[PDB]
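**Q** This is the structure I want to talk about, given as structure tokens.
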RNA sequence: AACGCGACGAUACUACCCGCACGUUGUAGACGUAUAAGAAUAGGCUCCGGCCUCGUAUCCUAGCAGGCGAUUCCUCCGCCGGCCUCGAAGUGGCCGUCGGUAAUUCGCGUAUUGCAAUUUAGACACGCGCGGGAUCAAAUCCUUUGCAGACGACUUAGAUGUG
RNA sequence: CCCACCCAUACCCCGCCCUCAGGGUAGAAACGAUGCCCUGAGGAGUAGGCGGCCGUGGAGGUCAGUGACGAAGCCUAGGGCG
RNA sequence: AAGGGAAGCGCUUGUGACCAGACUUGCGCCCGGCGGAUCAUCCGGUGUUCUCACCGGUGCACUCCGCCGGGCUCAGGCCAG
């Protein structure tokens, strides 16, 4: 009987797209890392993988759960918020929503 | 960070978040690792450097058959029969392990556990699974 | 021809009327009121409408219709009594019931599957108005049709292996 | 053969059609693009948030122009002589039988094109 | 420490209204659930007649035709004042703003489900950490009471009962702490020399 | 407040309650979703030794997504019963029984998911099935009333009676 | 006063379309030469000027063109090219 | 299917529904079994672009043409490490 956990990812929250005062660019998204506060800690996670995991209505190939894949590109600002590029822009309803950030590819 | 005979944490795949020992470093990002099998259930297998994490703990590798290791490291040991097992398997039954894999795994892990049981609680550490627990920040922690 | 072409003609009874001198709006409202019901209940309801015992709700064509308590039978306040539309629908329903009897179906278990009221070519009249104008009085006829029927894996290798695991254990 | 010539990837800069202004509000106005000639109209003045206007910039690559996603260029075919015209272009051109060709001549064209290896886009229409 | 939790419960005593509303609104729009207590203990900087004058100007602003609909509904509870600040700080006229406002809950006092939980404070909004000691400040509860809030005494009495139960709970907690200290001493007089020496070096 | 809330009466079916088989059902988005003193900040806490910048803390954390067996352990969880407790939008404690339980150590199984592919796993709500207990309801139309009225709406009365 | 950060169609690098300018292409194994290859630059636009393409009714020639095994027309949350 | 005091329009996702493509193997070798003489060379006639071909003859088991039972090379669609 274990009684432990299984988390191998770092929690993140998709906040918004890269944007100005008016215009928003859905090409890149802004991700807040759990526990990252500064640019050096962000630079640790640059290049790391990221998955937006959601659920749908129809099971297509054995699962009702769909994923969107991407990677961290560069730090954003001084807060450690990271800029992320995905295979497809995020659904824009996932503003303030959970993403799983994977430590592969790893260099440590 | 990775040397012949070092404990790594596999992060992805069937054995995700689990500690094994890297034995030999193959080419094009391929690493030959073993559990050992009798310790944590991981057999002789090859994984990817970009998906492992190298831990500073070094296991005493003296007493292992390097000829056996590189004989296994020859680039057919898995793919040569992979098609045979795929055809054989596809009420459900576990498909049999090859006798060659069984013999080499037995020799290698016999030597490896003989070396491992010297340092304290290393067997338990290798059998235990890796996990991140609230407040654990990978960007600062030393492995 | 009928709009509802997905109902077989050997199990259903249909009635039709063309170029009927009734109000299209009132006929549509009362046909929608009697839609989907049993034949006997529709006939009783239409006779009650003629007798001013029950009223049809005014849902779409409901300009300045006074309220009546009978409207609460429909969750509405605005209801009306289209006697002439009710009479012509009773005529068509009796014709369809006679057709069903001829075909041999059980009249006690028949529902109004399809009902439709369409607009017919308009029939002109003219009346006299002051300031040198003549007012047109196009009457607004409608076609009616009704039909009654008897009431009654490309999984991946990882997925396959994981399912083998849970099947074994 | 079935496979076409190796070609550079077919990239399409824009996929959705250029809709004429106010066509969605007026039903007498069809969706075909018309150049607006107004002096204060914002589609012509190119204000942001308005409909885009066709330009030569949206032009497709010369190497991939007039090519179907299969990698062939469509050729309208009326008969067996037209498919024998397409004979020497198995890897570059495809046969598209005209809409007014009868079923029997369609069968003949399909047979000849199968012998020639020329792909027919609409071989299963009347099957 | 930039951590994600189920619900963050903030004890609002000693917090400045605008700054606390700013932090709460940013968390809400980032996707965190916030529950604020003791909005009657919230504080507003400046002087109390300044705050009362601002609220009286707010009361003056009112629709003519029908005060029943459309007019600015001048909510007089401190919980509603803090909610007004957060709503003005969040884009409430959109789906995302509605979602954030649904993620927010605000109360007077500490209801029973939240008196058993841990209440956190925001250092960037604390009155003691922000206001210069010579400056005056007012209380949202007093402002609400003198503008027309009807339940100052009720929350005061409920707070008194809650503090009594908290005193009893803390008596039990101190007993538990003393017993735990005695147990740790008695056990450390045993364990195994090696174990204790090693746990030390590590840091525990 | 007609999209604010509470209490109570009766609730035929549908299924009202109860247990699980669950659901290709939903969710502004589980993955340890762990953590109650109060009060002051030109002071406070304490076992009365002392301690207080610092929650970069405490708890918890090992076992085929967590097996089977064995020396040793009475530690920690869970469910049901009794006594009490909690009302601000309603819970926790004690005892008991029963079930599970590495704090030390060991053997047998993991292989093949083939070099990664979300580690489909939580919660509440809703829906389909069973088998145990329980009950056999109302409203509107219709007629009537005038304490009401433009029509609606409202106060009333129709089942045996002071009708 | 100092540091860092955010972004415009702007500035820099790359790809693609078009236009213009500058070169090459015959004892032809030779070309929709009105073609093809190399290099660079440039791209807002009212009145106005020039060019090329699309469509309609009818006429000459041609496709030994299509068609009752279905022309034209019409409808289409079915597709392809520009 | 959407709908708390307008609809409608542009960029970009997501859900649902409905669809066009692509792929099904091609090429070449090591074999073996075959079915067979459209191998070469030379001779006669014919036509041309004066050295190139077609016919008729000659030419039949490591020579040429098609099939099969295999093995190997290469190239093959989609998304990725």
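Laboratory data are not the source of any read-out in this text; all were calculated from the coordinates shown. A quick note on method: Cβ atoms are made from the backbone with ideal geometry, for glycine too, and the neighbour counts reach across all protein chains shown.
**Q** What FRET efficiency comes out for residue C:151 versus residue E:200 if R0 is 60 angstrom and r is the Cβ-Cβ distance? Round to the nearest 0.05.
**A** 0.10
**Q** Extension gain residue D:48-residue D:60, at 0.36 nm per residue separation less the Cα-Cα distance, in nm?
**A** Net length gain for the segment: 1.9 nm.
**Q** For a quick protection proxy, order the peptides D:109-116, E:40-47 by their average other-Cβ count within 10 Å, most packed first.
**A** Ranked by mean Cβ neighbours within 10 Å, highest first: E:40-47, D:109-116.
**Q** Follow-up. Where does each of D:88, E:1, E:89 land when they are ranked from fewest to most other beta-carbon atoms within 10 angstrom?
**A** Result, fewest neighbours first: E:1, D:88, E:89.
**Q** For chain E, what is the percent of antiparallel DSSP beta bridges, rounded to the nearest 5?
**A** The antiparallel proportion sits near 30 percent.
**Q** With N denoting the number of residues in the range B:1-65, provide Rg(C-alpha) divided by 2.2 N^0.38 Å, to two decimal places.
**A** 0.99
**Q** Further question on the same structure: Looking at the P(r) of the range E:17-109, how many percent of alpha-carbon pairs lie beyond 17 Å?
**A** 55
**Q** Then there is this: Between residue B:82 and residue A:71, take the C-beta separation as r, use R0 = 30 Å, and let me know the FRET efficiency to the nearest 0.05.
**A** Step by step, r from the Cβ atoms, then E = 0.50.
**Q** With a 10 Å cut-off between alpha carbons and a GNM built on chain D, which of D:43, D:83, D:101 moves the most?
**A** Top of the fluctuation ranking is D:43.
**Q** Quantify how strongly other chains surround peptide A:94-103 by giving the mean number of their Cβ atoms within 10 Å of each of its Cβ atoms.
**A** Neighbouring Cβ atoms belonging to other protein chains average 3 per residue here.
**Q** Something else: Which of rounded, prolate, oblate describes the range B:63-106, given a ≥ b ≥ c as roots of the alpha-carbon gyration tensor eigenvalues and a/c under 1.5 marking rounded, otherwise prolate only if a/b is larger than b/c?
**A** oblate
**Q** With a ≥ b ≥ c taken as the square roots of the eigenvalues of the C-alpha gyration tensor of the range A:59-108, please select rounded if a/c is under 1.5 and otherwise prolate if a/b is larger than b/c or oblate if it is not?
**A** Oblate.
**Q** Sorting C:114, D:78, C:154 on the 10 Å Cβ count, fewest up front, what's the list?
**A** Starting with the residue having the fewest Cβ neighbours, the order is C:154, D:78, C:114.
**Q** Follow-up question, since we're still on this one. Order by neighbour count: E:149, C:37, A:69, fewest other Cβ atoms within 10 Å first, most last.
**A** The most exposed by this proxy come first: A:69, C:37, E:149.
**Q** Alpha carbon centre of the range C:104-122 versus the range B:79-120: separation in Å?
**A** 75
**Q** In a GNM of chain D with a 10 Å cut-off on Cα contacts, which of D:98, D:52, D:74 has the highest mean-square fluctuation?
**A** For chain D, modelled as a Gaussian network with Cα springs under 10 Å, the answer is D:52.
**Q** Averaged over peptide B:92-99, how many Cβ atoms belonging to another chain are found within 10 Å of each residue's Cβ?
**A** Counting other chains' Cβ atoms within 10 Å and averaging over B:92-99 gives 2.
**Q** Taking the Cα atoms only, what angle lies between the long axis of helix D:103-116 and the longest principal axis of chain D, rounded to 10 degrees?
**A** Compared with the principal axis, the helix lies near 80 degrees.
**Q** Sort the following peptides by mean Cβ neighbour count (other Cβ atoms within 10 Å, averaged over residues), highest first: A:43-52, E:51-60.
**A** Ranking, from highest mean packing down: A:43-52, E:51-60.
**Q** Packing-wise, with mean Cβ within 10 Å as the measure, how do B:22-34, A:25-37 rank, highest first?
**A** A:25-37, B:22-34
**Q** Can you give the mean number of other chain Cβ atoms that lie within 10 Å of the Cβ atoms in peptide B:133-143?
**A** Shielding by partners across B:133-143 averages 6.
**Q** Can you tell me how the protein assembly as shown classifies by the Cα gyration tensor, rounded, prolate or oblate, using a/c under 1.5 as the rounded cut?
**A** oblate
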